[PDB]
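Visitor: I am attaching a structure below and will ask some questions about it afterwards.
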Ligand code: CLA
Ligand code: CLA
Ligand code: CLA
Ligand code: CLA
Ligand SMILES: CC1=CCCC(C)(C)[C@H]1/C=C/C(C)=C/C=C/C(C)=C/C=C/C=C(C)/C=C/C=C(C)/C=C/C1=C(C)CCCC1(C)C
Ligand SMILES: CC1=CCCC(C)(C)[C@H]1/C=C/C(C)=C/C=C/C(C)=C/C=C/C=C(C)/C=C/C=C(C)/C=C/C1=C(C)CCCC1(C)C
Ligand SMILES: CC1=CCCC(C)(C)[C@H]1/C=C/C(C)=C/C=C/C(C)=C/C=C/C=C(C)/C=C/C=C(C)/C=C/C1=C(C)CCCC1(C)C
Ligand code: SF4
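Chains as they are written, first to last, in my numbering: chain A, 211 to 942; chain B, 20 to 109; chain C, 1086 to 1115; chain D, 1401 to 1507; chain E, 8 to 41; chain F, 19 to 119; chain G, 3 to 110; chain H, 2 to 163.
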């Protein structure tokens, strides 16, 4: 009767619905009873300190468990042969064959092999022993304590910031661009120059000696002279053995392009010069806005003045400044969309341009990292559109936004929604038609009648970057060209060496299978965008519910009248787009993984011929690669893939259990539960025990959420077990 | 929902006229349209010359030519300011 | 390698972090 | 034991004539699994001519049933008291339908 | 493993006693009128 | 006494250590572990369900439920202990009666 | 209709009991085989759940010719037991033995 | 909640003190008992086959718990079962771990409760506070010196134990 202390409506519900709804609304502070704007911003500030502390405790735990139970020093000696260890296993349910099967890694106890890549990251940035991994874990424990204390401190009466502080856009932008982005990039350039690069060259540099060991022989003298190019002299030779002094140069800021020939990773001096230049650019960017000294820009003035004089944007951005500042959901939507694009860039650029030593020979780590960050990308993108819908319902005032870009968006929302509908159908009809074309015509024994379109546009982009594989001579590919001649003295030789070796993933060769899967990805993107945009733009109202904004973001329906109104809320458009996000990330990661396992085996022609029809995807990718995974245990024994083999089935179970919540709805279950209430009250020796909360069937929206969670969790667990075990079992 | 703060010196810049008020030029609100137009051409020529002189980039570029090359994008903003001032009668 | 005493130092600092997390959680809870 | 039953042949149009597999007996067609061949051998058919006569008997019965449905709705429709004869209907459907069905088939 | 006794001490506590105690006290908290 | 007595048997015959020579000791400890958990279930139920009043003669009272839990704990330990003594000493009970065949 | 709560609550309990003790045996076996513990499984080579009643009925049906169906010469079906009937070297019918897997899938 | 005698209370002080006094006695006893080799077959490592995978300790060699540690754990199990019974079903005259909630709390002892030579609540608190301090001292000395706790008990007590 008092658990939802933030909601008196839920704390007076006498059913089990009160517990579920109290748990599901806990972080939605804006809707809690008696919430002012002061208190909303101060609780968000403190819980941001608590989230940071959770992130630092997670990082310290990974460092500690690797320092304690890992084989980091043995892996450091021989990184292509040793398999990195994550943490040890202590499970009293294990049989002795299970204990033996998990005792890999060169150790004497059962253990998990790490797929996260933290070994390659920590090796590249300097860590060499277990004792500096342990030093880093104690530093993160200290930082976690500092940020827990700061979160508590800024909830104290004297240290609680005012709303005038929380809405200072110009001071926060100046500090986050020049200090949080720019200066910490400059400090990371310092770490690479002072620690990572010297230890990549055999010289230990730690806190005990870093003040008496110069990064460069000349040493901060070329910097204070303008002889900056003296810092690029003598780069690491192509004979350099990473971690040792043999073949090592003295440069710290050289730009060479391409990959270190032995680690197959970007040069550490390219990375150090990257972070120095990013640091300078971002520090300059962080002096744009006026804070206290009369120079700089007002964000309000810039937004107000950008109305095109032709009038095509209406009033332009007048009033956008206040709309964005007052709406935390608008800020969240912008942040999540930006973050989603970046974690997709991280996934794309980290497989094509790896920065960590000896990674990209860890096919399991490479596959898991790509899959991980694309799924994170899809979740962040769905969340950005969800919080834009919450913005329109809750925070958007049509009268402070008269004839804005926002109001004019809502003014032509049917043009937007119908053209997404057309492009989704246009993509879907023909992409599926060509796939089914090739399927049918290959089935009849005639693969030469397939419709195989060459992806000439992307091949021309690859050639513009210097790929000499398709005989297009435009731009960099030509020996003589202004583009090619301009970069010749700096990065162009190493970039052409990197892009014209078929031994990496830089601009992988593409064909008709890549054309067809790219169009399928485009269809999936435009359809997920359709569902989310339609949810955001119809959130305030539609023709079925012209007053939809009076009911909120998440409500079950408006009843069976007017034909029926199931899934009419904007929340239900989040719900429906979650399936399409899962589908698109499935198509993306299936494509990435099949193309890479065929390349890593040496059999790229298997992808090239089988990817153009759907039976090729079914038998040559799912069916062919399932066999090491589903044989992790069998009536003849078990091996170390037994856990993924169990997770695989586990994933199939949760996913299917989600169907029960998604197909069967409330009325059936409430009537069953009433027969169970009767039976408990009439059974002797059992009616001595009474519920405090009346058992009820789950709510309509809650059941949608539970089915979505079960579906999504089954999706993640099944694919994770497959992508890790099939790549492990094959090693290729 | 609460008053949104802006830095002191914030003024209204919304315009529906032919050209924006000269206040949108900040510290350059009093410069004449002829002076922006001549600065526009000067920055364009000097910036283009300095950019051209270092198109094959070396490990030893002349720092004055690098710094002078930033005059080309700055000239775009200069001719926009010249149009604004000419249409405000300055 | 890591000594058990080093593990015990880590456990002390994590205990201090648990105490600070409880206090922050109580402050947020009001 | 050697020939695989097949009673469906496809036209050659878009390469679909690959479906006419080698089922045996100098024949190409889609293999059928409904067990009609074994029914016909149990009946004692032994020739395609008798299969044509069975096909004609089926067509004549089909014409008589569609005629009976039209006749008994549009020309001579029984009254409700005819349909509400459960004892008579059971007597005829046990004796006449099932009993003489079994006896005639036994013969 | 160094301090090898720690998993056999902490895993039963973290895996059984810790959830058993948070479930017991959460149950008390969610089922109290005041 | 009734519940603790029957609890020992399934744990002993079908538990993980059933084929070991320590099966009965494992069967008793696992049964006792279950009883300790069940006593906690009884205790938490008593705290939430019943408000404090003077009367102690009825089960559906806070004092009465506490008495029921005290009795059930002692009886379950006693019945599990009795089953342990009987199974430890009598070879018919250790098998399913299979000693006769 | 006037005791439909007693009918539906008892059927509901049976369906829960029978999903736990049929599909839960499969989950117990997945877990034991995955953990390396094949002596802890419900199987013929381990803890056995034999279908004794079905096996007994099969025994009676093989004994019936000449015993409880005295004028019959052979069994009603060779699925109950008896010979292997081969036609063109392919098995027509042969005894369908019942074991732990058959106990489990019949309770499924 | 915390009105049942939990938290920092004279009840909690007394109960923790009682356990600490017993703990000091037990540590002295275990140091003496192991020193004279009175723990049977202490060196032997318990077999996983007989005692299950719970026995595993994952050290460098053997990977099984020693018989001595198992015996000491069983002694603690014996007292813990007594403790659970005593909490849920206490003796009539016995003090209770949880209080009724309508109880009148006893006054805090302050720096020094009045000295009573006879067995009394005062003497129990004085000794209990001292023992809790002793447990902290013995652990810290064992940590800083680097010796085992058993040795620290012997060295503090002048090697009387063994
Ligand atoms: C001997 C009498 C007799 C027989 C054979 C049948 C047979 C049938 N009745 Mg019934 N019926 C009877 C008396 C009989 N009825 C009486 C007395 C009443 C009144 C109470 C009804 C009222 C009645 C109703 C209300 C309905 C039927 C229906 C049916 C058909 C059931 C579906 C089926 O199995 O057909 C398939 C099986 C077949 C064998 C197809 C046979 C087709 C013909 C008509 C069977 C008889 C042919 C002939 C006598 C044989 C000549 C043998 C000769 C070569 C020597 C079936 C044709 C149902 C139906 O489908 O209506 C059309 C239905 O709804 N009957
Ligand atoms: C120089 C001063 C400075 C600095 C360093 C910060 C720093 C921060 N502030 Mg800000 N803040 C400042 C001044 C400053 N503030 C001022 C002056 C004000 C008042 C106007 C505020 C008001 C303010 C508010 C109101 C809030 C913050 C918050 C935060 C934290 C943001 C969350 C976070 O950790 O992001 C870290 C971000 C980065 C490290 C950079 C982003 C990285 C991008 C996404 C890509 C990086 C890619 C790169 C390859 C990473 C590789 C990773 C590795 C594994 C390879 C962060 C610690 C929030 C917070 O969490 O509070 C505790 C918050 O709520 N600040
Ligand atoms: C395999 C499963 C599948 C398929 C094919 C589709 C297909 C489609 N969905 Mg659906 N959807 C699915 C699963 C699926 N969805 C699931 C599991 C969910 C989660 C609940 C959703 C949720 C969902 C939402 C919320 C939305 C869609 C939308 C769409 C459309 C997006 C693609 C498009 O625009 O053109 C592709 C067109 C096709 C694939 C049509 C195929 C062409 C047919 C087969 C022609 C064949 C004619 C043939 C002769 C018929 C024979 C009939 C026979 C009796 C004679 C399309 C109709 C969106 C939409 O309608 O926007 C326009 C939309 O808003 N879907
Ligand atoms: C894999 C998918 C899946 C699963 C597991 C279930 C499970 C269930 N359904 Mg559902 N259902 C599904 C799909 C599924 N359904 C779909 C797709 C539909 C769409 C039409 C429905 C529609 C539906 C209806 C309409 C009905 C059911 C009913 C049932 C129940 C049957 C009784 C039973 O077996 O209890 C035993 C429970 C199980 C077998 C679930 C698995 C449990 C196993 C044994 C492991 C347990 C592990 C253990 C708890 C772990 C504890 C520790 C952990 C907490 C940390 C059960 C809750 C019926 C019902 O509730 O009546 C009783 C019923 O009327 N379902
Ligand atoms: C989700 C969540 C909820 C609410 C909001 C929120 C707070 C922001 C958020 C945060 C959650 C967070 C951040 C949760 C953080 C949870 C943490 C950091 C838990 C750490 C626990 C460490 C323990 C119990 C170690 C104890 C070691 C001991 C006793 C060793 C002692 C010793 C040994 C043997 C050796 C030395 C001597 C002695 C002293 C004897
Ligand atoms: C729903 C909703 C309601 C209202 C509020 C809300 C939150 C704002 C909203 C959410 C909206 C959301 C979620 C919006 C999401 C928006 C997103 C994800 C926008 C993606 C933008 C990417 C761009 C413009 C890339 C440009 C790349 C270029 C130009 C590269 C160029 C090139 C270079 C430099 C190099 C290579 C060569 C070429 C190709 C020439
Ligand atoms: C049979 C049957 C036929 C028809 C159908 C049917 C009814 C369903 C079916 C019944 C089936 C069923 C369900 C039968 C169920 C039968 C059951 C569960 C019987 C339980 C008996 C418990 C005993 C004897 C406990 C004794 C404890 C003692 C002596 C205390 C000992 C201790 C104390 C405290 C004192 C100190 C010493 C120690 C040792 C410590
Ligand atoms: S949701 Fe359930 S209730 Fe609301 S309309 Fe659809 S069916 Fe009727």
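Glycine included, each C-beta is placed from N, C-alpha and C at the ideal position.
By the DSSP assignment, the alpha helix (DSSP H) with residue 96 (chain G) in it spans what residues?
Guide: Looking at the DSSP string, residue 96 (chain G) is not in any alpha helix (DSSP H), and its letter there is neither H nor E.
Visitor: Here's the rule: buried if 16 or more other CB atoms are within 10 angstroms of the residue's CB, otherwise exposed. What is residue 33 (chain E)?
Guide: It is exposed - the Cβ of residue 33 (chain E) has fewer than 16 other Cβ atoms within 10 Å.
Visitor: Closer than 7 Å, Cβ to any Cβ of chain A: which residues of the region 28 to 47 of chain G, in chain order?
Guide: Hits within the stretch, in order: 32, 35, 36, 37, 38 and 39.
Visitor: Quick one: what's got a C-beta closer than 7 Å to residue 603 (chain A)'s C-beta in the same chain, skipping five residues either side?
Guide: Correct list, in chain order: 749, 750, 759, 762, 763 and 780.
Visitor: Could one say the Cβ of residue 103 (chain F) lies closer than 8 Å to chain E's Cβ atoms, at least one of them?
Guide: It does not; no Cβ of chain E falls within 8 Å.
Visitor: Just to confirm, is the Cβ distance from residue 61 (chain H) to residue 48 (chain H) under 8 Å?
Guide: Their beta carbons are not under 8 Å apart, which means residue 61 (chain H) does not touch residue 48 (chain H) by this criterion.
Visitor: Along chain B, in chain order, which residues have C-beta atoms closer than 7 Å to that of residue 243 (chain A)?
Guide: Ordered by position in chain B, no residue passes the 7 Å Cβ test against residue 243 (chain A), which lies about 18 Å from the chain.
Visitor: Would you say residue 100 (chain F) touches ligand 7, meaning its beta carbon is less than 7 Å from a heavy atom?
Guide: Flag set: Cβ of residue 100 (chain F) near ligand 7.
Visitor: Cβ of residue 870 (chain A) within 7 Å of any heavy atom in ligand 4?
Guide: Yes, Cβ of residue 870 (chain A) sits closer than 7 Å to a heavy atom of ligand 4.
Visitor: Does any C-beta atom of chain J lie closer than 8 Å to the C-beta of residue 6 (chain H)?
Guide: Absent from the structure: chain J. Protein chains present are A, B, C, D, E, F, G and H.
Visitor: By Cβ distance below 6 Å, which residues in the same chain neighbour residue 710 (chain A) in space, the five residues on each side in sequence not counted?
Guide: Cβ within range, chain order: 678.
Visitor: Looking at the structure shown, is residue 63 (chain F) part of a helix, part of a strand, or coil, going by DSSP?
Guide: In the structure shown, residue 63 (chain F) sits in a helix (DSSP, three-state: H, G or I).
Visitor: Just how far apart, CA to CA, sit residue 658 (chain A) and residue 797 (chain A)?
Guide: Using only the alpha carbons, I get a separation of about 25 Å.
Visitor: In the region 640 to 669 of chain A, which residue ranges form an unbroken alpha helix (DSSP H) of at least 4 residues, counting only runs that do not cross its ends?
Guide: Entirely contained in the region 640 to 669 of chain A, not one alpha helix (DSSP H) run reaches 4 residues.
Visitor: Determine, using beta carbons only, whether residue 320 (chain A) comes closer than 8 Å to chain G.
Guide: No, residue 320 (chain A) does not count as interfacial toward chain G.
Visitor: When you compare the region 17 to 24 of chain H with the region 65 to 78 of chain G, are there three or more beta-carbon pairs, one atom per stretch, that lie closer than 8 Å?
Guide: Contact fails: fewer than three Cβ-Cβ distances are below 8 Å.
Visitor: Taking Cβ to Cβ, would you say residue 511 (chain A) is nearer than 8 Å to residue 610 (chain A)?
Guide: It is not a contact, given that the beta carbons lie outside the stated cut-off.
Visitor: Taking 7 Å as the cut-off, is the CB of residue 16 (chain F) close to at least one heavy atom of ligand 7?
Guide: Because chain F is modelled from 19 through 119, residue 16 (chain F) falls outside the range shown and cannot be assessed.
Visitor: With hydrogens ignored, establish whether the beta-carbon of residue 318 (chain A) is closer than 7 Å to any heavy atom of ligand 3.
Guide: False, no ligand heavy atom lies under 7 Å from that Cβ.
Visitor: What are the residues of the region 1093 to 1107 of chain C that lie near chain A, defined by any Cβ-Cβ distance shorter than 8 Å?
Guide: Listed by position along the chain: 1094, 1095, 1098, 1099, 1101, 1102, 1105 and 1106.
Visitor: Fully enclosed by the region 57 to 103 of chain H, which alpha helix (DSSP H) runs are 4 residues long or longer?
Guide: Whole alpha helix (DSSP H) segments, 4+ residues: 68 to 89.
Visitor: Residue 55 (chain H) CB to nearest chain A CB: under 8 Å?
Guide: By this cut-off, residue 55 (chain H) is an interface position.
Visitor: Of all the alpha helix (DSSP H) runs that stay within the bounds of the region 254 to 309 of chain A, which reach a length of 4 or more residues?
Guide: Correct list: 282 to 287.
Visitor: Kindly list, in the order they appear in chain H, the residues whose Cβ is closer than 8 Å to that of residue 304 (chain A).
Guide: Here the neighbours are 54.
Visitor: Which runs of the alpha helix (DSSP H), 4 residues or longer, sit entirely within the region 710 to 781 of chain A?
Guide: Entirely contained in the region 710 to 781 of chain A, the alpha helix (DSSP H) runs reaching 4 residues are, in chain order, 722 to 747.
Visitor: Note down, one range per segment and in chain order, each alpha helix (DSSP H) of at least 4 residues found wholly within the region 34 to 75 of chain G.
Guide: Within the region 34 to 75 of chain G, the complete alpha helix (DSSP H) runs of at least 4 residues are 54 to 65.
Visitor: Does the region 258 to 273 of chain A come within contact of the region 356 to 363 of chain A, defined as at least 3 CB pairs closer than 8 Å?
Guide: A contact exists between the region 258 to 273 of chain A and the region 356 to 363 of chain A.
Visitor: Tell me whether residue 674 (chain A) sits in a helix, a strand or coil according to DSSP, three-state version.
Guide: Reduced to three states, the DSSP call for residue 674 (chain A) is helix.
Visitor: Use the C-beta contact count for residue 939 (chain A): other C-beta atoms within 10 angstroms, 16 or more gives buried, fewer gives exposed.
Guide: Flag for residue 939 (chain A) reads buried.
Visitor: What residues of chain A sit near residue 67 (chain F), judged by a beta carbon separation below 9 Å?
Guide: By Cβ distance, chain A contributes 899, 900 and 902.
Visitor: Along the chain, which unbroken stretches of the beta strand (DSSP E) at least 3 residues long are found entirely within the region 825 to 899 of chain A?
Guide: DSSP runs (the beta strand (DSSP E)) wholly in the region 825 to 899 of chain A: none.
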